[PDB]
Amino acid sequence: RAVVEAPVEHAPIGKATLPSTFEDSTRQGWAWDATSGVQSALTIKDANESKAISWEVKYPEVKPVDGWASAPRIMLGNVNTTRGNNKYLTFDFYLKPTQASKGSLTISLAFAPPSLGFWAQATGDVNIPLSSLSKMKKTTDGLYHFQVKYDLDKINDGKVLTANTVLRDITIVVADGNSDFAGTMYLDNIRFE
């Protein structure tokens, strides 16, 4: 299936780049998956004094049964990277809610390794409770700043990512955990470490 809307003015696609810093004002190869429930503009905005890729999302009040149907699902296609000696994939994730009071966001990471049936999913989903936020100190520019880590030795289905396993694509999903989130999200500094 494909989720479609009228043409939207994304920032320039650029070229797949890791670490993804967005400093060249392009998306450095990141784009919505064709199945992403969110297909609105991906742009390059300042977040916490750095350029970051960004979108808006307000999850529906009536929640789909499939837990990713409404989710931003952003992908770095055909990067063809490997983890090397790195234990983690990590990135900066920022929120600027207009509404956030209940439920959670559940952030997943996946890869498409051609040797592993084009899917390998990190086991360590990260949940951000929205009631936790009001008590969190914001950045100077009014954001909630998370640095999210995924231990690449914890992968579902017994699949193993070795130092040399080709990762064709990287996917990040920000799923709705029965939440009332509305507002802006941002990614920066997407990298292995």
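So that there is no doubt, residue numbering starts at 1 and follows the sequence shown.
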Item to check | Which of 150 to 158 and 58 to 66 has higher mean CA B factor, as the PDB entry lists it | outcome: 58 to 66
Item to check | Stretch with the greater mean C-alpha B-factor as recorded in the entry, comparing 172 to 180 against 6 to 14 | outcome: 6 to 14
Item to check | Residue of maximum C-alpha B factor among 123, 101, 90, 106, per deposited coordinates | outcome: 101
Checklist entry - What third of its chain's C-alpha B-factors does residue 114 belong to: lowest, middle or highest? => result middle
Item to check | residue 133 - Cα temperature factor, lowest/middle/highest third of chain | outcome: highest
Item to check | CA B-factor ranking of residue 52, expressed as a third of its chain | outcome: lowest
Item to check | Lowest, middle or highest third - CA B-factor, residue 27 | outcome: middle
